[PDB]
Amino acid sequence: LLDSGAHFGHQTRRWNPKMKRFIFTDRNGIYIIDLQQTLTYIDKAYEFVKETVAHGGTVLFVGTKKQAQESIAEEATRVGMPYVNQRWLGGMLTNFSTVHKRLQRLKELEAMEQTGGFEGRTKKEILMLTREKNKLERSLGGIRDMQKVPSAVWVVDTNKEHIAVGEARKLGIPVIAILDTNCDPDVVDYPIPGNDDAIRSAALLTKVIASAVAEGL
RNA sequence: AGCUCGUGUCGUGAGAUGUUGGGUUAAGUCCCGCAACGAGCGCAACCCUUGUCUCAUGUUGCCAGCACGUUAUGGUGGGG
């Protein structure tokens, strides 16, 4: 993980005092996250993913920054797991019943596509239904799979997606987050300190969780 | 072209957000964003009339091609 730069962080300016525990040193104006804590935390995150998926649980993959979008998307597709990549509608978890209606519309609309209802109405209407189709499918890619609720939530760069962490906290589901040197440790249960600005560093974390769930599945 | 609601979120509370920002339109019309996701009444469309053409259509309506006309003209037989 050192090859990717899991020791990299943010500037000393943008740092958070509550991050001093796992700070190793500061070079060239950036903080170096100590990797020993990263290992002794990722093992715990691994065992937790194992014990939750093996006991009939699920985790929801959270990532929105373009550095870790395709990585999490492909990982979830290869493990068949709920995930969000494009944008998080504020209230996926709290307004679960409300956002289920969007999925029901997607399903009934795919049924309409199968039955071919594209000429029984005006051209403007069918064009608008096609626009709604692609809009709802791009906005909801890994969402057609949550029946009840996510049992755990895995996020990358919690500062960017703070609404997701706030929601998951509100409903109390555990959050597993890789926290950078600017991050907040009190909101995450299972930190895995390390860089989230690098595509490679964030990707190889998703692989680790992928392996944990895959053998846990 | 605006007025609201359900759930969510923020606030002790009155309330706020959605409905704000950039662009665009006749328009809260639409797009991109966005702690909001949707919905309703509005906007728009569906209705009438008008402008073009096709099929059907010949009376009390036309008369182009034929006949009778008396001036008084489709007036009359007939003709689409």
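All values below come from the heavy atoms of this structure, side chains included, with hydrogens, waters and symmetry mates left out. So that the names make sense, note that chain A is the first sequence line, chain B the second, and so on, each numbered from 1.
A 3.5 Å limit on both hydrogen-bonding distances identifies B:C41 as the Watson-Crick or G-U partner of B:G2. In this structure B:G15 sits in a base pair with B:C10, meeting the Watson-Crick or G-U test at under 3.5 Å. Look at B:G75: its Watson-Crick or wobble partner, with both distances under 3.5 angstrom, is B:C68. In this structure B:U20 sits in no base pair that meets the Watson-Crick or G-U test at under 3.5 Å.
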Can you check salt bridge (charged side-chain N to carboxylate O under 4.0 Å, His left out) on A:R200 and A:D3, steps first, answer last?
-> CA-CA 9 Å; A:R200 195 166 337 167; A:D3 284 285; over 6 Å; no
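Judged by the sign of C1'-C2'-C3'-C4', B:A16 carries a north-puckered sugar. On the basis of its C1'-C2'-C3'-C4' angle being positive, B:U57 carries a north sugar.
If you find the closest nucleotide of RNA chain B to A:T94 and to A:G91, the one lying nearer the 5' end belongs to A:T94.
Between A:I32 and A:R27, the closest side-chain pair of non-hydrogen atoms falls below 4.5 Å.
OP1 or OP2 of B:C32 sits under 4.0 Å from a side-chain N or O of A:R131. In terms of phosphate contacts, A:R121 brings no side-chain nitrogen or oxygen within less than 4.0 Å of OP1 or OP2 of B:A45.
Closest to the A:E167 side chain, of the nucleotides B:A35, B:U7, B:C37, is B:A35.
A glycosidic torsion no more than 90° from 0 defines the syn conformation, and B:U73 adopts it. Glycosidic conformation of B:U49: anti, with the torsion beyond 90° of 0.
One hydrophobic cluster, built from ILVMFWY side chains closer than 4.5 Å, cannot hold both A:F8 and A:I192; they sit in different ones.
Atom CG of A:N195 is separated from atom CG of A:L179 by 12.0 Å, given to the nearest 0.5 angstrom.
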